[PDB]
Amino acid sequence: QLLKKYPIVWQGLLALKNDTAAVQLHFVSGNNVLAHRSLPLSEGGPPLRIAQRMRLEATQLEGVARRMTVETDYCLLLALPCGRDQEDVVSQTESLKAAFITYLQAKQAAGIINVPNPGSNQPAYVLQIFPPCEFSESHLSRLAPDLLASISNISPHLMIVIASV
């Protein structure tokens, strides 16, 4: 595949309400250090939980694009399903489709995860988790058109924008 150009930098579970999904996060563009710094340990710990959401509307999306203009201040990741065998993969993929993509599209929202530094109740990083949508297609077309062509309307996925705040 072409997922050697977009290496896996994190592997674990996402959570949303009472649902979970096993994913691999592929580095697309920006500053990979933000992924290492912002994402949790996945050696059996609690899942990465989406407990907030942001509307997919003009000023919200402008704010996300704002942090994406300099390569050191953001990280763009692509989330794809994974599992221990084909049967597990189908089930994890159905979870991603039904409990994450369908839900966020129906609410017209991106997931939001604020990541604090220990000792500070000010957010250090924000994870912005998009379903396939006009915004993700725009930026994936700009930054990784080969990757977008391989997944668009073909493979369920999420786009994750990590911003240091």
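Each residue number is its position in the shown sequence, starting from 1.
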query: Of 41 to 49 and 126 to 134, the one with larger mean CA B-factor; finding: 41 to 49
query: Segment of higher mean CA temperature factor, 66 to 74 or 112 to 120; finding: 66 to 74
query: From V9, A22, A15, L143, residue of greatest CA B-factor; finding: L143
query: Position of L2 among the chain's modelled residues by C-alpha B-factor, lowest, middle or highest third; finding: highest
query: Chain-relative CA temperature factor third for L158; finding: lowest
query: Chain-wide C-alpha B factor ranking for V33, given as lowest, middle or highest third; finding: highest
